[PDB]
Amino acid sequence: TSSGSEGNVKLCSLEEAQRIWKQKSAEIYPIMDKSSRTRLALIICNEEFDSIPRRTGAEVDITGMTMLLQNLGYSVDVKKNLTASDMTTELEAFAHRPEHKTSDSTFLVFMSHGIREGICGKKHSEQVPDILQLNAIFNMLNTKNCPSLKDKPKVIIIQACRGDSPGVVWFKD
């Protein structure tokens, strides 16, 4: 039933959980006890922009990702329509959250327009770029800047264009 906390996410049974833990030795990331852990996730989504087309349908993505991460046991913070500077400030704040200490992992979700160089902030234009680089995201969440997430999986998901090309070539059979 999808009426439970995990919603539409298929459950891992106790037998399946024991089998995975037995098949592989010490090659799995440790999971903290459900009763005590404080898992955190962050979604940054830009839909409305100053100078580039509106990202119609973004709300569907926000809903889906928020519910999915909650299903997986994460407390989700949702921030909308930020400049690259605002994204940096939000990421730095996320890295400083005390909950990461009592967490085993984190998810970061970015959804915006994008170019080859990175992710577009709300104020982005060709004349005055407003870009957050993927490199900056990694740096802000690494062991130096986020010691609380040492040894813990940090999953970054990015929905964005990475250029203008269609991504295809022709071939004949």
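One rule holds for the numbers: they count along the sequence shown, beginning at 1. Think of the rigid core as the biggest set of C-alphas that the two forms share within 1.5 Å after superposition.
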{"property": "Rigid core superposition result in 6 other deposited structures of this protein, more deviant of 45-53, 22-30 by Cα", "result": "22-30"}
{"property": "Mean C-alpha B-factor comparison - 69-77 and 83-91, higher one", "result": "83-91"}
{"property": "Stretch with the higher entry mean CA B-factor, where the candidates are 39-47 and 114-122", "result": "114-122"}
{"property": "Candidate residues 160, 156, 149, 14, the one whose C-alpha B factor the record puts highest", "result": "14"}
{"property": "Assigned third (lowest, middle, highest) for the C-alpha B factor of residue 52", "result": "highest"}
{"property": "Third of the chain's Cα B-factor distribution that residue 105 belongs to, per the entry", "result": "lowest"}
{"property": "CA B-factor ranking of residue 26, expressed as a third of its chain", "result": "highest"}
{"property": "CA B-factor placement of residue 140, once the chain's modelled residues are sorted into thirds", "result": "lowest"}
